[PDB]
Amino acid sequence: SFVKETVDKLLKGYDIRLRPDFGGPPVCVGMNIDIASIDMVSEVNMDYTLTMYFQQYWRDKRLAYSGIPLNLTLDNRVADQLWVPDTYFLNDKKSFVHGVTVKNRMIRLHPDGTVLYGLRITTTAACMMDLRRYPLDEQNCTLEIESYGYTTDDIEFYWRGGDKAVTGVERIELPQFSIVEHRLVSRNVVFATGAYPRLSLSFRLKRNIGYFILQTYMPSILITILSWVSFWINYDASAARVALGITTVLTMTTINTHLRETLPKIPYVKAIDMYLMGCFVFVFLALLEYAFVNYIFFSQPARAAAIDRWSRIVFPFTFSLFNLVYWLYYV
């Protein structure tokens, strides 16, 4: 019965409008993040979705209790009757606190007056990407934490636990990406309305080439290899050799144009676009070679036979040399 009256004494005459230490020193909010998952990474909408346990820790002397030598875990609905920091994710596209079975919210009071406030949030944050080196690229995605209305005079942010404040980054299971590094940053960003406290979480994503080797690289190598079958077919076979030319020239064009439609409409040329343009030149030259052989074999059969003979070794050699130059330059 003592503990019942105590909680009621705390909130008696409590004004939510006023932050703790209202006219005095700034309230120091300690942030802690446990990353549950990186649900998705989109190049098309140049963003990523993250689910986390967002924990905030500050003192409110108005909530201090003398009698009880225990930490009080109160039903989450009490958060609607308390002052809480106006923390927001500056680079947020859409966010939400999970609400089944209850609001995924936690309030834990300490006799000191300190509050532990937990929220389970799913956030889709913006991540502008440079796809020049795609698919052999690294992306830096961040989560920008800030106060919406309170300046550095009223509110101060800090990572509670220092470099060990954010957890669960190593248990992230992204199939196409691998978290290579993550960094915590504390700043005070100056604006027209004053200086604001800022926390910053950043991770560096490294793309896994596997999918691209199987989807784009192997189909391009095979189309180029299929273009070389023509040099072993009799030059009398005009339809067969032109059919091989047309087929491999168009299939390359569609491999390049298709891949471009799977990504956002960027105006620059990607690493994979350089490879495919190379492959186009090699399959277009095989067809020009037949056109040239077809144009000369009547008057110069020996020369025509020779051009097909040389094409059989020059083309595979030059393509191996192109792959060697390309893959060494990018790695």
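In this text, residue numbers run from 1 along the sequence as written.
>> Regarding 267-275 and 296-304, which shows the higher C-alpha temperature factor on average in the entry?
In response: Per the deposited B-factors, the answer is 267-275.
> Averaged over C-alpha atoms, is the B-factor higher for 5-13 or for 311-319 in this PDB entry?
Replying inline: That would be 5-13.
> When the CA B-factors of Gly161, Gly99, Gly118, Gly245 are compared as recorded in the entry, which is the largest?
Replying inline: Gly161 has the highest C-alpha B-factor of those listed.
>> Highest recorded C-alpha temperature factor, please, choosing from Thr151, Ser95, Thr251, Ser227.
In response: That would be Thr151, according to the entry.
>> Considering every modelled residue of the chain and its Cα B-factor in the PDB entry, is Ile213 in the lowest, middle or highest third?
In response: Ranked within chain, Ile213 CA B lands in the lowest tercile.
> By the record's CA B-factor, is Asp236 among the lowest, middle or highest third of residues in the chain?
Replying inline: Ranked within chain, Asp236 CA B lands in the lowest tercile.
>> Using only modelled residues of the chain, where does the Cα B factor of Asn76 rank: lowest third, middle third or highest third?
In response: Within its chain, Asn76 is a middle-third residue by C-alpha B-factor, going by the deposited values.
> How does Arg108 rank on Cα B-factor within its chain, lowest, middle or highest third?
Replying inline: For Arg108, whose C-alpha B-factor we compare with every modelled residue in the chain, the answer is the middle third.
> Mind checking which third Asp34 falls in for C-alpha B-factor across the chain?
Replying inline: Answer is middle: the recorded C-alpha B-factor places it there.
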